[PDB]
Amino acid sequence: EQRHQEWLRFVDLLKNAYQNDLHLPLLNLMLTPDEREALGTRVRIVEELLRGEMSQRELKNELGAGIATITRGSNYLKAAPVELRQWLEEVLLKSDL
Amino acid sequence: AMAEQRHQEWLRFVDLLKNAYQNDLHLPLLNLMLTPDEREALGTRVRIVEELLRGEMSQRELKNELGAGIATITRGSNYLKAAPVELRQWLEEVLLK
Ligand SMILES: O=C(O)CCc1c[nH]c2ccccc12
Ligand SMILES: O=C(O)CCc1c[nH]c2ccccc12
């Protein structure tokens, strides 16, 4: 329960950092290179899962990512609220015909 | 080469999250994009930063109070030392005051 408040304090700190144009150095302080790389790759995974055109072998090759992480992210995406999903489709699939 | 593509992919995440905050979708986005263990780590890292800036606890004392390992605290202290002065001063204002 207190872990939850601690998480929310991070969320609020980062909100305020974006407001003050300090988000880039804050994220450089708070995340390791491997975590930042994972987040960048997760964006690409979410995009391709929302697109829904690739097979599992194709996802692995296109994304340079492992099946275990793709599988878990797909469940997180399934569980996401439609308010978020529709916004992500708008953003991450913005070029798709 | 790898590295420059990774940086662009990172910036894409930074923009996505910026826009999620603007649309009040940051919490569901971060629930999608991070695991429970990663969120817990970030909450703990805020406390580590806070206590390093406060400068009252020893690092081993910080270990017990935060349930954290020495390796994590030592690494965090280096990231904090490397951070730009503008960020450090803002953190002191928003976390400690
Ligand atoms: O590797 C894992 O345990 C899942 C990491 C993860 C969190 N959100 C995601 C979104 C898309 C792809 C993967 C993830
Ligand atoms: O090694 C870890 O567990 C995380 C390293 C790390 C990066 N930025 C941090 C900020 C505060 C505390 C720890 C860290």
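These numbers come from the heavy atoms of this one structure, side chains and all, not from hydrogens, waters or symmetry mates. Proteins get letters first, then strands, A, B, ... in listed order; numbering begins at 1 in each.
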Query - Pairwise ring-ring contact (aromatic ring centres under 6.0 Å, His included) hits with a residue in residues 12-47 of chain A, at least two apart - result: A:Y18-A:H23, A:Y18-B:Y21
Query raised in the report: Who pairs with B:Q5 by side chain to side chain contact (heavy atoms under 4.5 Å, CB included), at least two apart in sequence or on another chain?
Result: B:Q8, B:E9
Requested in this report: Apply side chain to side chain donor-acceptor pair (under 3.5 Å) to A:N16 and list each qualifying residue two or more places apart in sequence or on a separate chain.
Outcome: A:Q19
Return all side-chain donor-acceptor pairs below 3.5 angstrom for residues 41-49 of chain B, not counting sequence neighbours, or 'none' if the list is empty.
from  : atom 1 : to    : atom 2 : distance (Å)
B:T44 : OG1    : B:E40 : O      : 3.3
B:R45 : NH1    : A:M30 : O      : 2.8
B:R45 : NH1    : A:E35 : OE1    : 2.8
B:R45 : NH2    : A:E35 : OE2    : 2.9
B:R47 : NH1    : B:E50 : OE1    : 2.8
B:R47 : NH1    : B:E51 : OE2    : 2.8
B:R47 : NH2    : B:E51 : OE2    : 3.3

Query - salt bridge (charged side-chain N to carboxylate O under 4.0 Å, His left out) involving A:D12 - partner list, sequence neighbours excluded - result: none
Query raised in the report: How many angstroms lie between atom CG of B:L62 and atom CD of B:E56, to the nearest 0.5 angstrom?
Result: 10.5 Å
Query raised in the report: Which heavy atom of A:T69 sits nearest a heavy atom of A:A65, and at what distance?
Result: CG2-CB, 4.4 Å
**Report entry** B:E65: salt bridge (charged side-chain N to carboxylate O under 4.0 Å, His left out) partners, not counting sequence neighbours
**Finding:** none
**Report entry** Heavy-atom pair with the smallest gap, counting every atom of A:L26 and A:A17
**Finding:** CD2-CB, 3.7 Å
Requested in this report: Apply salt bridge (charged side-chain N to carboxylate O under 4.0 Å, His left out) to A:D96 and list each qualifying residue two or more places apart in sequence or on a separate chain.
Outcome: A:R51
Report task. Quick one: pull up CG in A:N75 and CD1 in A:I70 and give me the separation to the nearest 0.5 Å. Result -> 12.5 Å
Query - Between CG on residue A:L8 and CG on residue B:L27, distance to nearest 0.5 Å - result: 6.5 Å
**Report entry** Pairs involving residues 36-77 of chain B, ordered by first then second residue, that meet ring-ring contact (aromatic ring centres under 6.0 Å, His included) (sequence neighbours left out)
**Finding:** none
Query - B:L25 CG to B:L30 CG distance, which is reported to the nearest 0.5 Å - result: 10.5 Å
Query - Check: A:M54 and A:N61 side chains under 4.5 Å, non-hydrogen atoms - result: no
Query raised in the report: Considering residues, nucleotides and ligands other than A:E58, do more than 12 of their heavy atoms fall under 6.0 Å from its CD?
Result: yes
Query - From CA spacing to verdict: side-chain contact (heavy atoms from CB on, under 4.5 Å), A:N28, B:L87 - result: CA-CA 11 Å; A:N28 192 48; B:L87 180 64; over 6 Å; no
Report task. Scan residues 30-80 of chain B for pairs that pass ring-ring contact (aromatic ring centres under 6.0 Å, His included), counting only residues two or more places apart or in two chains. Result -> none
Which donor-acceptor pairs under 3.5 Å do the side chains of residues 88-97 of chain B make with protein atoms, sequence neighbours left out?
from  : atom 1 : to    : atom 2 : distance (Å)
B:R88 : NH2    : B:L80 : O      : 2.8
B:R88 : NH2    : B:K81 : O      : 3.1
B:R88 : NH2    : B:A83 : O      : 2.9

Query raised in the report: Residues two or more places apart in sequence or in another chain: which of them pass side chain to side chain contact (heavy atoms under 4.5 Å, CB included) with B:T74?
Result: B:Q59, B:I70
